[PDB]
Visitor: 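After the structure tokens below, expect a handful of questions from me.
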Amino acid sequence: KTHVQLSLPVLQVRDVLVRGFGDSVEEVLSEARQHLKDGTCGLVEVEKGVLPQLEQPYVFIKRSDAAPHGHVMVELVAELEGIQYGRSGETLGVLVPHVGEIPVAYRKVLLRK
């Protein structure tokens with residue numbers, strides 16, 4: 001399927017144990033997509049002081065359209081030293097590995113895969 005319904009655990013930035021997906025734009029997008037498929041991906045909501053506490057390159061989920069079955073359609077955009085790879089809508093949050101942190105909420109998304 002071109003899209004997959006996912007429910008992403010929303011993590012507090014200070015709980016996150018693995019603060020990024022890797023060392024290059026291509027690796028982080030690769031790893032983000034693998035963790036999304038494997039159900040091992042968390043979401044951190046972006047506010048003042050969040051991104052400097054995580055590791056670049058960043059992987060964002062961004063709104064790709066204006067929401068089937070409660071799931072916002074999203075796509076992945078990476079960022080490294082202020083340059084984004086991808087073009088999409090509003091940021092819903094930054095993706096990180098999930099390694100058993102307790103979430104505060106779930107974010108229902110329809111991921112363009």
Side-chain angles (χ1 to χ4, degrees), residues 1-112:
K1 283 177 188 310
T2 67
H3 285 80
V4 62
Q5 280 181 353
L6 300 175
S7 281
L8 299 184
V10 178
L11 310 181
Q12 309 193 309
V13 63
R14 293 184 181 281
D15 286 342
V16 173
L17 297 181
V18 185
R19 289 183 176 266
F21 283 115
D23 297 330
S24 72
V25 160
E26 290 158 82
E27 185 179 17
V28 301
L29 288 167
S30 184
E31 283 291 329
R33 289 193 167 95
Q34 192 66 53
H35 283 80
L36 285 162
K37 175 233 170 113
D38 299 344
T40 56
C41 191
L43 181 62
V44 179
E45 290 187 323
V46 176
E47 282 176 2
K48 292 302 193 294
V50 165
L51 288 175
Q53 293 186 70
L54 298 173
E55 292 174 336
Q56 293 192 55
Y58 310 127
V59 176
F60 301 107
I61 46 154
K62 284 181 166 293
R63 188 191 216 95
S64 64
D65 181 21
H69 313 269
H71 294 253
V72 172
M73 293 185 53
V74 296
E75 56 201 339
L76 303 192
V77 173
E79 177 180 312
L80 178 55
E81 293 156 358
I83 301 171
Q84 294 197 336
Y85 301 81
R87 156 174 226 268
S88 191
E90 192 190 350
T91 293
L92 279 77
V94 51
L95 300 183
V96 292
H98 189 207
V99 298
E101 301 94 333
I102 305 303
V104 295
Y106 287 91
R107 197 71 210 250
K108 293 185 287 172
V109 305
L110 199 44
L111 169 68
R112 187 178 296 173

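Numbering of residues begins at 1 and proceeds along the displayed sequence. What you see below is based on every heavy atom in this structure, not just the backbone, and it leaves out hydrogens, waters and symmetry mates.
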Visitor: Taking all non-hydrogen atoms of both residues, which atom of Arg14 and which atom of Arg19 are closest, and how far apart?
Guide: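 Closest approach of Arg14 to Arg19: O-NH2, 3.6 Å.
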Visitor: Do the side chains of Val4 and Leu110 get nearer than 4.5 Å, heavy atoms only?
Guide: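 No, side chains not in contact.
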Visitor: With rounding to the nearest 0.5 Å, note down the distance linking CD in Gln12 to CD in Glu45.
Guide: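 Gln12 CD to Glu45 CD: 10.5 Å, rounded to 0.5 Å.
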Visitor: Do you know the tightest heavy-atom contact between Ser7 and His71?
Guide: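 Between these two residues, the closest heavy atoms are OG-CE1, 4.3 Å.
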Visitor: After noting the C-alpha distance and the side-chain angles of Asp15 and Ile102, does the key distance pass the side chain to side chain contact (heavy atoms under 4.5 Å, CB included) rule?
Guide: CA-CA 8 Å; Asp15 286 342; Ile102 305 303; 5.9 Å; no
Visitor: Around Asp23, counting heavy atoms of other residues, nucleotides and ligands shown, do more than 12 lie under 6.0 Å from its CG?
Guide: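 No - once you tally the heavy atoms of other residues, nucleotides and ligands closer than 6.0 Å, there are 12 at most.
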Visitor: Calculate, to the nearest 0.5 Å, the distance between atoms CG and NE2 belonging to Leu43 and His98 respectively.
Guide: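 Between atom CG of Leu43 and atom NE2 of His98 there are 11.5 Å.
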Visitor: Same cluster for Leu51 and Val13 if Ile/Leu/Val/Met/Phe/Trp/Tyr side chains link at under 4.5 Å?
Guide: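 Yes.
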Visitor: Which atom pair, heavy atoms only, marks the closest approach of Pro57 to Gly22?
Guide: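 Scanning both residues completely, I find the closest heavy atoms to be CD-O, 3.3 Å.
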Visitor: Under 3.5 Å, is there a donor-acceptor pair between the side chain of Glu79 and the main chain of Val77?
Guide: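 Such a contact is absent between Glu79 side chain and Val77 backbone.
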Visitor: If we only count heavy atoms from C-beta on, is the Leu92 to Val72 side-chain gap below 4.5 Å?
Guide: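 They are in contact (side-chain heavy atoms under 4.5 Å apart), so the answer is yes.
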Visitor: Decide yes or no for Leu36 and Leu6: does some side-chain heavy atom of the first lie under 4.5 Å from some side-chain heavy atom of the second?
Guide: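 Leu36 vs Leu6: side chains touch.
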Visitor: Taking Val74 as the starting point, is it possible to reach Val10 by hopping between hydrophobic residues whose side chains are less than 4.5 Å apart?
Guide: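 Same hydrophobic cluster.
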Visitor: Are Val46 and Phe60 side-chain neighbours, meaning at least one heavy-atom pair lies under 4.5 Å?
Guide: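 SC-SC contact between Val46 and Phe60 confirmed.
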Visitor: If you look at every heavy atom in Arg63 and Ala66, which pair is closest and at what distance?
Guide: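 Heavy atoms of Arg63 and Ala66 come nearest at NE-CA, 4.3 Å.
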Visitor: Identify the heavy atoms of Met73 and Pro68 that sit nearest to each other, and give their distance.
Guide: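 Taking every non-hydrogen atom into account, CG-CD, 4.0 Å.
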Visitor: Would you say the side chain of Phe21 lies within less than 4.5 Å of the side chain of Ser30, judging by non-hydrogen atoms?
Guide: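 Not touching, per the 4.5 Å side-chain cut-off.
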Visitor: Any side-chain heavy atom of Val94 within less than 4.5 Å of one from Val59?
Guide: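 No, their side chains stay 4.5 Å or more apart.
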Visitor: Taking atom CD of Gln53 as the centre, does the number of heavy atoms from other residues, nucleotides or ligands within less than 6.0 Å exceed 12?
Guide: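 Enclosed.
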Visitor: Any side-chain heavy atom of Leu76 sitting closer than 4.5 Å to one from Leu95?
Guide: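 Yes, their side chains come closer than 4.5 Å.
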Visitor: Is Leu80 reachable from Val28 through a run of hydrophobic residues whose side-chain heavy atoms are each under 4.5 Å from the next?
Guide: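 Shared cluster, yes.
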Visitor: Starting from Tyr58, can I reach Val109 by hopping between I/L/V/M/F/W/Y residues whose side chains sit under 4.5 Å apart?
Guide: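 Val109 and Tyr58: separate clusters.
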Visitor: So with a 6.0 Å cut-off around CD of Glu90, is the heavy-atom count from everything else above 12?
Guide: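 Open.
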Visitor: Looking at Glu101 and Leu17, would you say the former's side chain and the latter's main chain have a donor-acceptor pair under 3.5 Å?
Guide: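 Judged by distance alone, yes, a pair lies under 3.5 Å.
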Visitor: Hey, could you give me the CG/CD distance between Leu111 and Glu75, rounded to the nearest 0.5 Å?
Guide: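 That separation rounds to 9.5 Å.
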Visitor: Which value, rounded to the nearest 0.5 Å, describes the distance between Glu81 atom CD and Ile83 atom CD1?
Guide: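 Separation between the atoms: 7.5 Å.
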Visitor: Step by step, would you call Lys62 with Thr91 a side-chain hydrogen bond (donor to acceptor under 3.5 Å, both in side chains)?
Guide: CA-CA 4 Å; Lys62 284 181 166 293; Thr91 293; 2.6 Å; yes
Visitor: Please report the interatomic distance OG(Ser64) to CZ(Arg87), rounded to the nearest 0.5 Å.
Guide: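 Rounded to the nearest 0.5 Å, the OG-CZ separation comes out at 13.0 Å.
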Visitor: Would you give the length of the straight line joining atom CG of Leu8 to atom NE2 of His35, rounded to the nearest 0.5 angstrom?
Guide: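 Reported value, rounded in 0.5 Å steps: 13.0 Å.
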